[PDB]
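Asks: an experimental structure, sequence included, is below.
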Amino acid sequence: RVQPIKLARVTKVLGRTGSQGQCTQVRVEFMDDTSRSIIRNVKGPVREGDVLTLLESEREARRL
Amino acid sequence: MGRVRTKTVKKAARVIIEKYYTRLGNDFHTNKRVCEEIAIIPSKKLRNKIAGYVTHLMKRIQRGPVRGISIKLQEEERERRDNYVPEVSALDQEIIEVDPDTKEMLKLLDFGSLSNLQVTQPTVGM
Amino acid sequence: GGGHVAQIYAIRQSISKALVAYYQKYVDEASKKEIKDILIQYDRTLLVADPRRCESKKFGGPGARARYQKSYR
Amino acid sequence: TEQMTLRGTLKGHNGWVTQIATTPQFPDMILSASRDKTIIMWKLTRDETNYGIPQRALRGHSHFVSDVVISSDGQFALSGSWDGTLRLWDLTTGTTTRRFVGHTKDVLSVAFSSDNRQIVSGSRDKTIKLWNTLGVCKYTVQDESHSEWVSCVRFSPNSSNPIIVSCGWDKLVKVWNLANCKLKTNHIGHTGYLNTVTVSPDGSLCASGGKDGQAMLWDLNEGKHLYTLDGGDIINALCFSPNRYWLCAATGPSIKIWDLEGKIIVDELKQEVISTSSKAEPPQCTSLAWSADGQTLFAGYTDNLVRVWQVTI
Amino acid sequence: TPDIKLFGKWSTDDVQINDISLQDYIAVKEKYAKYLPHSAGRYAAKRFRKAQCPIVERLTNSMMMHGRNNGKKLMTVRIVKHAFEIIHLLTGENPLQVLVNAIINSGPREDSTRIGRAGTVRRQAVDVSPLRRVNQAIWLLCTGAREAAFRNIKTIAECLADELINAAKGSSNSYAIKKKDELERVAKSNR
Amino acid sequence: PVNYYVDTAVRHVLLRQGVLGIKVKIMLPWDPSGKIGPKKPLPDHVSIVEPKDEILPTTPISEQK
RNA sequence: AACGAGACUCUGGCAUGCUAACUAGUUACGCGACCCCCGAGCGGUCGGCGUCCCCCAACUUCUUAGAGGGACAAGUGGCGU
């Protein structure tokens, strides 16, 4: 069934989840086409304007 | 945050402002001098902390009346504002439009008046 | 004072501050500003002294933030 | 017949430019006092991007430099400061000649006599002091002299005898006699706090103003009170023109110039901003100095910038 | 020194982070060229600030690891200066460019987190921030060089050059490259 | 202010049964007039002087002398 | 309104500002000398790092310890009742 790689740019930093408090919510402007905009969960330290490299490019999480 | 002014400070600010408004100013540097004249404050850090919060207030007051502070000048300003009244709004324009029954309200009240009928339909609860 | 790296940073700061102090009394202001510009830009503190200094160790660890060791039971 | 346009702007201070002084000896020079604790001497090109460029910084004061003045020659500078002292500097160079110590508080205002043989100072100590160029304090016009703070003290241009004029919070303007060292006349009438005061060119008038916005005109000679002009906003500094009958006042909203005879409002100078929205604002002009040739007008503003206007027909 | 502010002797200009997004926590010097990988450096107070720190120095710091080696920056600076020289001999170029490349190539794009998952705790594929990508890369390479160097005759400067070069063009010879692929492979399953 | 304001004393009173500890603490109020004390007010203090005198919109006018 | 927290006190950094210092130093002489030639000069002589001379030299910059001021998140811009 599938493969591609997706560039996405941080629009707005949502807040923090993980019970440990170590995953940061993010909103992403879809880079190759701005007419897209989705919520992704992060491992590292993230700040507005820097870029994610999305594997899955649907999905769109929430808690956990 | 970590700097949340405590009552002993915040009180003094409300205090001075109430009895000092036309004396006080926009600027930290001067009120600080003023607190020496108009108050007896024991340490310099406190007096500074006071001057500073009361200035933050003066900065705010001078942009919109603030929730619990009153001074003679602000009272005078509200007083004058609280006069307004136009051509005046009712009129209501020739002829009141009634809902009838309210028409029957006057009709059986022995009272002449201007008129208009548009009062029908029932009429659900909720 | 200080030690080997400590010293290097101090001397370099003294020299640049020096040159600027000199243009301020003898040459003209625009030159000295030009110099503060180049330093301050690329910098390294050249004209401003870094604050950072020892924090005192507190009983219960041999460092300042380091706390000894515990085993419980 | 004629109005004033914004020729250019001088940089370089960081604090607010509290005081300005011109020179006739070298009309090309400008001394300026600032919060930054430094005084800056500038050579004016007219040139082409900053109206001029800074020649010198006068260190040394630890605290807000409140007021400054220059000699006619442009040789020496007198600065007043919160630091509680007064400094005589060499314009040319730097090097404080002397330190004037003795005031208990911030020295608000400084002025020097035409002779260059008196120095007077006003301070938050509510006292006015007379000092020699040496640094010796001859007089302290003491005396309940101000119930209050002393915003400014100016030396009247001459003759019959030395007269000094002070302005204080106490809501009064005071005339003093130097020869005797006793209070000459109490001018009463202000009803807020007096920020600044200025004597006219020839020493027959007095203009004083502060927070209400009422610039006040007094006849010093007759010892009678002339009239009042409503500025509205708070006025920080006043200045008569050397050649014209124009008084200029730095208000909170801007610089208002007006003309005594005939009486009209010549101009309101507001410098602009472009496309800005714009919100907040005013670093209102805290200081102003007239040029030697009444042609130019320098103003010290809160943005730490000196803004210059030149009169054109 | 006055013409252009080179590195020990290497030019900052003309080195380009060949990788969008990463651009910018890799700090060369979109103006910042200096001279030496040592600074007073206050990076710690803020969360971000570290990004400001020159990547070279960042790499040098990671070098001084293991209890004994802590605080030996002079030693690291010395090692770094040597490594750049070895790298240069090996491919011309800017070794600094070589360094940057290895860093760009090593940060795990995707990773995994240990999501609680009930019992048999499963792991959730998540994408990884660029700060983490940089941070992680520099570790990987340093741990790689340090691990290799330890029982072998070869010096850290050399092992570092080898780790950096192989990574610059991802040879997969490198410990770090193999590690990154491992972390990423894991990220993909789980999902 | 503890140093300034309060005097304390501990006394051991031996009694047939055992010993009792008497602790006395006196707080001396020269914050009021103490006096004239090492601070007077308890750093936790702040007296306002408001005006204290003043009046008159009163038009202009001027007095000779 | 008070108590604890805090404010409070102590210590330590920013002060070519303050008042000062031979039981603290520095500049800079007067400095010669020791005096080496280190380079230049054939050498007298010039520039040169220190020690020592100590002086009816000057200073407070480093040092010192006292008093002074600085921070109030002060200005500005987003966000939030």
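Replies: Looks like it arrived, so ask away. Numbers count the residues shown, from 1 in each chain, chains lettered A, B, ... in the order given.

Asks: near chain F, which residues of the stretch 201-313 of chain D?
Replies: By C-beta under 8 Å from any C-beta of the partner chain, the residues of the stretch 201-313 of chain D that approach chain F are D:218, D:223-225, D:228. All C-beta atoms are positioned from the backbone trio N, CA, C, and that covers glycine.

Asks: and these, which of them are buried?
Replies: Buried subset of those (neighbour count, 16 or more other C-beta atoms under 10 Å in any protein chain shown): D:218, D:225, D:228.

Asks: sec struct for the residue of chain D at minimum distance from chain A, please.
Replies: The nearest approach of chain D to chain A comes at residue D:277, 23.2 Å away (C-beta to the nearest C-beta). Under DSSP: H, G, I helix; E, B strand; the rest coil, the three-state class of residue D:277 is coil.

Asks: that older thread, biggest separation within the residues of the stretch 201-313 of chain D next to chain F, which pair?
Replies: D:223 and D:228 (17.4 Å; C-beta to C-beta).

Asks: what about the longest strand along chain A, near chain E?
Replies: In chain A, with assignment by DSSP state E, the single longest strand is strand A:6-17. Yes: Strand A:6-17 comes into contact with chain E (C-beta under 8 Å from any C-beta), by way of A:7, A:9.

Asks: excluding sequence neighbours, find me the nearest residue to residue E:110.
Replies: residue E:187 (3.6 Å; C-beta to C-beta, 6 or more residues apart in numbering or on different chains).

Asks: quick one: what helix or strand has the one you found in it?
Replies: Assigning secondary structure by DSSP states H and E places residue E:187 in helix E:175-188.

Asks: contacts for that helix, please.
Replies: The contact list for helix E:175-188 (C-beta atoms under 8 Å, 6 or more residues apart in numbering or on different chains) reads A:55, E:102, E:105-112, E:123, E:125-126, E:136-137, E:140-141, E:143-144, E:147-148, E:163, E:166-167, E:170-172.

Asks: so which of the residues you listed are in strands?
Replies: Here DSSP E is the test, and these give E:110-112, E:125-126 as lying in strands.

Asks: could you report the neighbour count for residue E:70?
Replies: Per other C-beta atoms under 10 Å in any protein chain shown, the neighbour tally for residue E:70 reads 9.

Asks: circling back: so which of the residues of the stretch 201-313 of chain D next to chain F reach chain B?
Replies: Of those, not one also sits near chain B (C-beta under 8 Å from any C-beta).

Asks: which residue does the stretch 51-200 of chain D have closest to chain F?
Replies: For the stretch 51-200 of chain D, C-beta to the nearest C-beta, closest residue to chain F: residue D:189, 4.8 Å.

Asks: how far does stretch B:80-100 stretch from one end to the other?
Replies: This stretch, stretch B:80-100, spans 41 Å end to end (C-alpha to C-alpha, to the nearest Å).

Asks: residues making contact with it?
Replies: B:106, B:113-119.

Asks: secondary structure element holding the most centrally placed residue in chain C?
Replies: The centroid of chain C falls nearest to residue C:50 when counting by C-alpha atoms, centre = their mean (3.2 Å). Under the criterion DSSP H and E, no helix or strand holds residue C:50.

Asks: which ones are touching it?
Replies: Residue C:50 is in contact with C:9, E:40, E:42, counting by C-beta under 8 Å, 6+ apart.

Asks: for the second one, give me phi and psi.
Replies: Translated: residue E:40. phi -60, psi -40 (degrees, to the nearest 10).

Asks: neighbours of the residue of chain C found nearest chain A, how many?
Replies: Residue of chain C nearest chain A, by C-beta to the nearest C-beta: residue C:65 (21.9 Å). By other C-beta under 10 Å, 8 other residues sit near residue C:65.

Asks: you'd agree residue D:298 is up against residue D:305?
Replies: No: look at residue D:298 against residue D:305 with C-beta atoms under 8 Å: they stay out of range, at 11.1 Å.

Asks: more neighbours: the two, which one.
Replies: Counted by other C-beta under 10 Å, residue D:298 and residue D:305 do not tie: residue D:298 has more neighbours, with 25 against 20.

Asks: contacts only, for the more buried one.
Replies: Counting by C-beta under 8 Å, 6+ apart, residue D:298 has contacts D:20, D:22, D:30, D:288-291, D:306-308.

Asks: which stretch of helix or strand covers whatever residue of the stretch 201-313 of chain D ends up closest to RNA strand G?
Replies: The stretch 201-313 of chain D approaches RNA strand G most closely through residue D:280 (3.7 Å), counting by C-beta to the nearest atom of the strand. Residue D:280 belongs to no helix or strand when assigned by DSSP H and E.

Asks: go on, residue A:52?
Replies: Counting by DSSP H and E, residue A:52 is part of strand A:51-54.

Asks: which of the contacts of residue C:50 sits closest to chain D?
Replies: Nearest to chain D among the contacts of residue C:50: residue E:42, at 23.5 Å, using C-beta to the nearest C-beta.

Asks: quick check: closest non-adjacent residue to the closest one.
Replies: Once flanking residues are discounted, residue E:42 sits nearest to residue C:52: 6.5 Å by C-beta to C-beta, 6+ apart.
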